[PDB]
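Novice: Right, I'll just put the structure down here and ask away after.
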Amino acid sequence: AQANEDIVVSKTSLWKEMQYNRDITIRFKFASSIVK
Amino acid sequence: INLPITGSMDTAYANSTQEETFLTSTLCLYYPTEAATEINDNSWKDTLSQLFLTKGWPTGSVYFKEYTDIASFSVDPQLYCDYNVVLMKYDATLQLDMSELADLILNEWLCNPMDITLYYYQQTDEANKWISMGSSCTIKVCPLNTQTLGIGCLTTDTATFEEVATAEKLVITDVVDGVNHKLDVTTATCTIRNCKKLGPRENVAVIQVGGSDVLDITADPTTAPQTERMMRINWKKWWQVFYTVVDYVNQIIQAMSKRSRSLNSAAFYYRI
Amino acid sequence: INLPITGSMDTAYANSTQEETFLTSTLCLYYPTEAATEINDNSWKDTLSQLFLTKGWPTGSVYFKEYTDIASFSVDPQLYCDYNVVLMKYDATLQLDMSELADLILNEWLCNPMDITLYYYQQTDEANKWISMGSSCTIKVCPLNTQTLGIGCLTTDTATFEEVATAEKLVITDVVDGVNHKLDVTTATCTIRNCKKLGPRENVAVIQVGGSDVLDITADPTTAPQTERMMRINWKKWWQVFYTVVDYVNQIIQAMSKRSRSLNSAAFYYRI
Amino acid sequence: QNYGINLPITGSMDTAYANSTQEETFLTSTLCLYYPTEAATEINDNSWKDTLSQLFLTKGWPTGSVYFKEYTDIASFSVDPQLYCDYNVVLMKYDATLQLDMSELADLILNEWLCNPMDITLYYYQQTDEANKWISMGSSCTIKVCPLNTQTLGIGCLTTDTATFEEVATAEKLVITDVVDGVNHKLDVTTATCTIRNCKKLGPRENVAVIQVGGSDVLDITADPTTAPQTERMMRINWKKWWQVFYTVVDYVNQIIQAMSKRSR
Amino acid sequence: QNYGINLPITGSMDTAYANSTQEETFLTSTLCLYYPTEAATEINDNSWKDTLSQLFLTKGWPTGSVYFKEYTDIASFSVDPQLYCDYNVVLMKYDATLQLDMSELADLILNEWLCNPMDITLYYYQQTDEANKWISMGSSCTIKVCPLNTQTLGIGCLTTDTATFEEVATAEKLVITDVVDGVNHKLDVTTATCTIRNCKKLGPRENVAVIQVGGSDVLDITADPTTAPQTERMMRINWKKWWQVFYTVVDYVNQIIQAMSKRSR
Amino acid sequence: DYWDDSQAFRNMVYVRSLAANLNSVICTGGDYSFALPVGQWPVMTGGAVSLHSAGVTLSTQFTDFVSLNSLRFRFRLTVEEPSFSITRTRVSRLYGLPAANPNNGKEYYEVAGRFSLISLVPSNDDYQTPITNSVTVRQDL
Ligand SMILES: *[C@@H]1O[C@H](CO)[C@@H](O)[C@H](O)[C@H]1NC(C)=O
Ligand SMILES: *[C@@H]1O[C@H](CO)[C@@H](O)[C@H](O)[C@H]1NC(C)=O
Ligand SMILES: *[C@@H]1O[C@H](CO)[C@@H](O)[C@H](O)[C@H]1NC(C)=O
Ligand SMILES: *[C@@H]1O[C@H](CO)[C@@H](O)[C@H](O)[C@H]1NC(C)=O
Ligand SMILES: [Ca+2]
Ligand SMILES: [Ca+2]
Ligand SMILES: [Ca+2]
Ligand SMILES: [Ca+2]
Ligand SMILES: [Ca+2]
Ligand SMILES: [Ca+2]
Ligand SMILES: [Ca+2]
Ligand SMILES: [Ca+2]
Ligand SMILES: [Ca+2]
Ligand SMILES: [Ca+2]
Ligand SMILES: [Ca+2]
Ligand SMILES: [Ca+2]
């Protein structure tokens, strides 16, 4: 299985239950408030 | 060929194809550096050729190919001849390595490549394995669940992976067939290939020069067989080894049989 | 049951009882602390359970039982499961110890106690042996002649006796059958029992993880057998060993067969 | 000689009644009493075992066939009872504070269990039939259990917070736990001191015989509160001494061993 | 399923032609184009491979069936050309200073060689028929040959003095040497940098296809200077760009794969 | 909270079977110089703390430009050896992280992960859920 798969576990006419299995690179950052 | 063959039990036994298969075939020995070191002679190859000449093999039919070590030979072996003999030194610190070498050369493998980054693979049957070659192979695996996450491991934190190899030149790996594994490999230094074990290679013959029979070709623990072309010797020199091989070369090549699959100089077929 | 059984050869081969024996049976591994150490993970048991689950063995049927040393395990081994696997390391200095362990768990024994001080015992057949368990057993024996005197020993001088064990946690002693022996044992730390070897235990499977075949189950120096639930692996890691045992557990259980005699947790029956 | 197989055995009704096996089963079998320390204490003698064996001799049990094995208390004997003989008798004192202990002991020894192991940390167990129970032994067992629902969540308990669990045992040396059959239970146990085993009750063990030395019949062997049986090898006695008890056991050992039958297994 | 044998196969002329195996071989096969660095350089794009795969998709070849493998120079490709695919195309640029090199390349890949090793230092070799040649691969081959007479002495050369030897290769990466068949030769080769193998030619390799992007038909596969053939899978093109060459390969891949047949070996 | 331009987050409003494998990292505080008018300049320097993976949920990232139905990764903290201390002051050797310069002059804190879910997406792969915003909240403020 690919590292970035996308699969369908159920599908009706308009809707569909899609499975997703994916790798991510969370690059976040704090931020500080300074009140003097 | 899909067609059948027919025969009979009344026909006569033909003459010996020996003394002609010799002429129209080539022989190749694989000796360790230790042999030439203990010998300290520069014409031993021509000597052994002149000896083989009595057994029938003509002058330009025998060949010798040095290999510094079992693992340096295990790194992408290339057996390109018609009758190969290998002389293998025994060491309990190298048992699995010189069993994997056996499993690789005695058998005939059909190998596809592997892209670990873009794909996650699995073994279908008890003949599919992963064989990895290079200078230092460190292989770790995380088995996966139905939703493509980890089982006793973290799909990202490579420290949580499960180590099946540590700085090994040739690794033959079998994992639980039916689940998807995420791999981590030293791809810079090692290539890994998904290989299926076909019928055996009857062109080569391993000769364990020292200790008792330990080679377990079959990765399953139940069989532990001993094929006909897996021989053993007890040794204290190397000239006696080579004289014994030359004296009993007919039995060896009667235990061996030319190939049927194809013409190929590597130790494994490639089918992408 | 004493009655006879009858059958035929026209009757049909019923379906595979595998995939139902897995559901209605239990599997139990006996691994060394070395393996837990080299693994250094606190979820590998759940990992292997989830793996086995694909082979059919349900969750609550697979069990793991750590044993620190071959000798510590040899001290009254307690197997109470329907399918027992044992992973046994190889050490030349422990060859006879890990052979006696095999001889004890693979086979089924019927044991009576022994009262050394009050009585003097002998062996009758080639299966009546004296098995001694404990933390440090040092055994000595004096054979006796027809008229209850010593032969190469004195009935009083414990130093004239013939030593057969030196601080061994498990010993299996075979002496000459037909003569009475006076014993001296460290009874404070060890218990010795006169046991008869019955038919084999088909519930257990030994797996020598390391070197060449050394186990001589039978005491007589003529058979040197190799049974079916006695395997051999060549190893450099332990995750490969466990993945192998898992991928090939069906061959193991096909090599094993549930017991016939009775329900028992010990490795030997007691009948006083 | 076919083992592991069960075949139909035939018979008749005109065959004659073969001779008595008593006075030979004694010679070719062994007997083993399990007496409490209280009895030897009251006796205060160092030859009473030899005396009882010399008496047994008259009933046919030879010297090296009878054995005595002492135990300090009912629970200390409940911890892993090893009844390994051809005939076992167990003298048992009555105390209202130990009724359940000496019912569990009876349930354990009188019956022949098939015990498989258990691994609490990983697996969550359930009882399938009315004969599957969890027997825990050791020096101090403290067991708590949480039933679970269809989606692996708790019922009046939290899978994480062990305190929320329901306590069925509190520092018991032997516990036989029967819970509702059909619901996966998560357990917490003092595994450092106790071992717990999933045991299915097979047919009874006809090789043992419990003798309650004091009070009325109390032993509710069957977990189901409907049978409340009283087998043939569940005896009762009134006592003001112990020498009288032992003389009685001796003088009526034949009926005892007629009520006891050697094992099948 | 009999391997290692060759038996007769029978048929007839009444049975009817099957459906087109095209549109299924494309789905269960692999295709591999070998382009030169000049092409990527002139194109100057990093998605041209995905583009060509998307185009092949219109022809039926799926996404991961088509592979592109660069080769900086004809000689760098001649050095151990490893074609491991079920269909191989090789775009080859013409250069009148490289005719023989890129004809040896053709004679190597188009044909199927049974290659055995060679130990120059010990043995003196001869050729047996018009298909046994000596093919040498490496970084810098410098081969010299001394023919010998019946009495193991040289002809116009001295068995010791290497400068007397006759030169047939100097600073070549791939050589294919054909010499007189029936006389023992002695060799001097740069074994450190080139490995030489005694190789017998067999039936062709119908799995690879050469495409001369530029100049006229010059490839003389056949050593014997009487045939000068032009096989079905030795094609030619005229070029002023490379996008047109790739679009042409795409638009006429079916013809190419009808000209190529999967290997027997 | 995390969000991408991938197909997983295009119309995600419903999610089940949620789970993720995240690796642990170490967040180290920096050096904040309290710029006093006159005198000395105390500097709050130090502080290290290891973030370990924890449960996962959903959330909504609200901003003045985009609104995102996003994936919420939690992290728990285990105090590390480097402590934070205000220099030229009677405070030191107290674990935690300071809220003045947590980044330590870094552009970001990187951590790789994998996520696995099951969402409800209209069968037609052309539907779009509103992302952008135009906010006028807190007019009283
Ligand atoms: C086979 O051997 C026999 C005995 O030497 C000989 O007479 C016969 O000619 C041989 N066969 C052929 C085809 O030469
Ligand atoms: C026996 O095996 C056959 C073949 O798989 C199957 O069709 C049949 O249903 C099986 N019968 C039983 C009773 O398991
Ligand atoms: C059985 O008992 C009768 C009466 O005591 C006796 O005569 C007979 O011999 C006994 N059977 C055997 C086999 O001794
Ligand atoms: C063979 O080709 C014909 C013509 O297109 C088609 O009708 C037929 O279905 C094909 N055969 C099979 C087995 O599909
Ligand atoms: Ca190896
Ligand atoms: Ca792990
Ligand atoms: Ca496998
Ligand atoms: Ca021993
Ligand atoms: Ca002596
Ligand atoms: Ca004996
Ligand atoms: Ca109790
Ligand atoms: Ca509660
Ligand atoms: Ca119950
Ligand atoms: Ca050339
Ligand atoms: Ca010359
Ligand atoms: Ca020629």
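Residue numbering for chain D follows Swiss-Prot, covering 51-315 in order.
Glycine too: its Cβ is placed from the backbone N, Cα and C atoms.
Just lifted these from Swiss-Prot, have a look:
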type     : residues                                         : note
CARBOHYD : D:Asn69                                          : N-linked glycosylation site
DISULFID : D:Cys82-D:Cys135                                 : disulfide bond
BINDING  : D:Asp95, D:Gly206, D:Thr214, D:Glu216            : Ca(2+) 1 binding site
DISULFID : D:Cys165-D:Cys249                                : disulfide bond
BINDING  : D:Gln177, D:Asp228, D:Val229, D:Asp231, D:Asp301 : Ca(2+) 2 binding site
DISULFID : D:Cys191-D:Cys244                                : disulfide bond
DISULFID : D:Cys196-D:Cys207                                : disulfide bond
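In the displayed structure, how are the listed features positioned relative to their neighbours?
Specialist: The C-beta environment of D:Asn69 (N-linked glycosylation site), restricted to residues of the same chain at least 6 apart in sequence and closer than 8 Å, is empty.
Counting only same-chain residues six or more apart in sequence, the Cβ atoms lying under 8 angstroms from the Cβ of D:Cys82 (disulfide bond) belong to D:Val116, D:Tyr117, D:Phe118, D:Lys119, D:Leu133, D:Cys135, D:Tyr137, D:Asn138, D:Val139.
A simple way to gauge crowding: the CB of D:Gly206 (Ca(2+) 1 binding site) has 9 other CB atoms within 10 angstroms, across all the protein chains here.
Look at D:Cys165 (disulfide bond): DSSP puts it in a strand. Sequence-distant contacts of D:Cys165 (disulfide bond), defined by Cβ-Cβ distance under 8 angstroms and a gap of at least six in the same chain, are D:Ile185, D:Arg247, D:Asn248, D:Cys249.
Look at D:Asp231 (Ca(2+) 2 binding site): DSSP puts it in coil.
According to DSSP, D:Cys244 (disulfide bond) sits within a strand segment. For D:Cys244 (disulfide bond), the same-chain residues 6+ apart in sequence whose C-beta sits under 8 angstroms from its C-beta are D:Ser186, D:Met187, D:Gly188, D:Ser189, D:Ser190, D:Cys191.
There are 23 other Cβ atoms within 10 Å of the Cβ belonging to D:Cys196 (disulfide bond).
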Novice: Would you mind reading off the Cα separation of D:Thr214 (Ca(2+) 1 binding site) from D:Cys207 (disulfide bond), to the nearest angstrom?
Specialist: 5
Novice: Kindly assign D:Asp95 (Ca(2+) 1 binding site) to one of the three DSSP-derived states: helix, strand or coil.
Specialist: coil
Novice: Compile a sequence-ordered list of residues in the same chain as D:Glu216 (Ca(2+) 1 binding site), six or more apart from it, whose Cβ lies below 8 A from its Cβ; state 'none' when nothing qualifies.
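Specialist: Listed in sequence order: D:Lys194, D:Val195, D:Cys196, D:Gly206, D:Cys207.
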Novice: Can you figure out which of D:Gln177, D:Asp228, D:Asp231 (the binding-site residues) comes closest in space to D:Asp95 (Ca(2+) 1 binding site), comparing Cα atoms?
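Specialist: Nearest listed residue in space: D:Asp228.
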Novice: By a simple count, how many Cβ atoms lie within 10 Å of the Cβ of D:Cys135 (disulfide bond), its own Cβ left out?
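Specialist: A 10 Å sphere around the Cβ of D:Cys135 (disulfide bond) contains 22 other Cβ atoms.
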Novice: Provide the list of recorded positions among D:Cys135, D:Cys165, D:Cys196, D:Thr214, D:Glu216, D:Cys249 whose C-beta sits under 8 Å from chain C at the C-beta level, in sequence order; use 'none' for an empty result.
Specialist: D:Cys135, D:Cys165
Novice: Quick one: among the recorded positions D:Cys191, D:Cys207, D:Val229, D:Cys249, which has the most Cβ atoms sitting within 10 Å of its own Cβ?
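Specialist: Compared across D:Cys191, D:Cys207, D:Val229, D:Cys249, the most Cβ atoms within 10 Å surround D:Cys191.
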Novice: Please identify which of D:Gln177, D:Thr214 has the densest Cβ environment, defined as other Cβ atoms within 10 Å, among these binding-site residues.
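Specialist: When each Cβ's neighbours within 10 Å are tallied, D:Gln177 leads.
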Novice: Tell me, if you would, which residue among D:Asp95, D:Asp228 (binding-site residues) has the fewest other CB atoms within 10 Å in the structure shown?
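Specialist: Candidates: the binding-site residues D:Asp95, D:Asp228. Fewest Cβ atoms within 10 Å: D:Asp95.
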Novice: CB neighbours of D:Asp231 (Ca(2+) 2 binding site) within 10 A?
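Specialist: Looking across every protein chain shown, the total is 11.
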Novice: Provide the three-state secondary structure of D:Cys249 (disulfide bond) computed with DSSP.
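Specialist: Looking at the DSSP assignment, D:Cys249 (disulfide bond) belongs to a strand.
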